[PDB]
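The chain below stands alone and is given in structure tokens; this is the form deposited in one PDB entry.
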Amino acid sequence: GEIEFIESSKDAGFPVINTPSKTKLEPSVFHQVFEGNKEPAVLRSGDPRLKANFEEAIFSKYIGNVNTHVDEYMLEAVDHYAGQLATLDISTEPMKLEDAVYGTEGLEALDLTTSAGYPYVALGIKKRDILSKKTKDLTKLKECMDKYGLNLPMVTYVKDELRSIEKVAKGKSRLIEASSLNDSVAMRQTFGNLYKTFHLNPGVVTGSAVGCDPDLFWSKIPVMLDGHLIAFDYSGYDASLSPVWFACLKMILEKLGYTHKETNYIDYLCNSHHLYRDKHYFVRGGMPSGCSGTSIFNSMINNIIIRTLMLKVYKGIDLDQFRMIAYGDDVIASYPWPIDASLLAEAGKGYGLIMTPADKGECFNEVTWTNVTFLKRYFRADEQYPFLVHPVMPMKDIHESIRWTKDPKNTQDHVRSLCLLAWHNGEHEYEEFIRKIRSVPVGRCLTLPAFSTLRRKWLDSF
């Protein structure tokens, strides 16, 4: 992706979008009990911790585009993956508006908590002013969609989250693009049944883990992934995507039965218009992280990409023996023979993708079931039930998270969520985690699950 044009919003008649510039994150009561290094992301230019130009840093992810046709490798990649998805009988019929807004099996109700985007954010109109869970009212929504239409600008927010010392200093804060409520709803109508099928079928047929429950899904992954593991990281995957990868996505959508008209919304993602505070800008390429379907579309594109690179370097490859599971940029994969990921990475660079060794580190290559991570979690077979696999979030990350809060009123839910991740690290680690929590008075006011209870419920869930 490439920023093609940027100017002051007022020149085009856009008001300044007044997005948050002060973090909602504050030290929790556990801040001194546990060790950690992470701090809130930089949200504004004048932040004293900056050791770089903020506005330059946050847009530096847009590294450019490679301008190419959809080549022979891409075409075969699309064919192969399309053949997998054909198995699922995805419906290209529009999802009914009520289902697409207020919830159905495989597609949770539209989040009423997030930004309603443009122009609502300039009018002080929130999602809850238009929508109502209790009523399932579609009347105001239909009015709004008729009044303002589709293809509205996206509103760029800086993500308010914890970041490493390095990412704070370098000003490498992440951005979220909020699609207008109008476009979110329209895309959910158009692609909702596809969203639904993906959510209901995480695994190696969709090549997707979006919507998965790691407590359950992790025992299935080594069964699905037969051979030598392949994993690598991307640097700035979303923003690196060139228009050619969106063309591939449109081709795969058409093979599923979507019409040229229905795939027009992919152009909205690819060639996008954004508002950031007092500026507005156009991007050619780049997945706008935050719009409807961007996790699923990022995953589908990743399925095309990896196959393309394999076909290009290993002309003798048998993709029918290749398996992969993506969650956006994150990938875990296998092939029955060793594959040199460093070769794939160089082929990736030719397509404007920046691929690096798995989980930082120096080489590409020797990934094992012991060191592989996916969705930030390691894989550890249960010692007693060896066919069941623990997702293991590092205690370091759990410690980082408990030291901060966006609202102390949520302490019970926050700490409980962390317990559900922590116990997979083993009984001794859990017991210590609970002891430290309880060394603060608040900690003794919380309902914390016992290890044996967590383990029992987990075992029973299968």
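Don't overthink the numbering: it's just position in the shown sequence, from 1.
Keep in mind that the form solved in complex with a partner chain is not shown, yet the notes after this line are about it.
Checking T135, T259, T370, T139 against its partner chain in the deposited complex, a heavy atom within 4.5 Å turns up for just one residue: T370. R380 is the sole member of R128, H228, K96, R380 with a non-hydrogen atom within 4.5 Å of its partner chain in the deposited complex. For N425, a non-hydrogen atom is located within 4.5 Å of its partner chain in the deposited complex, even though that partner is not displayed. Contact between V389 and its partner chain in the deposited complex is found at the 4.5 Å heavy atom cutoff. Contact check for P394: a non-hydrogen atom falls within 4.5 Å of its partner chain in the deposited complex. Although the partner is absent from this view, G171 stays clear of its partner chain in the deposited complex, with no non-hydrogen atom inside 4.5 angstroms. Of the candidate stretches 177-185, 195-203, 362-370, 322-330, only 362-370 has residues with heavy atoms within 4.5 Å of its partner chain in the deposited complex.
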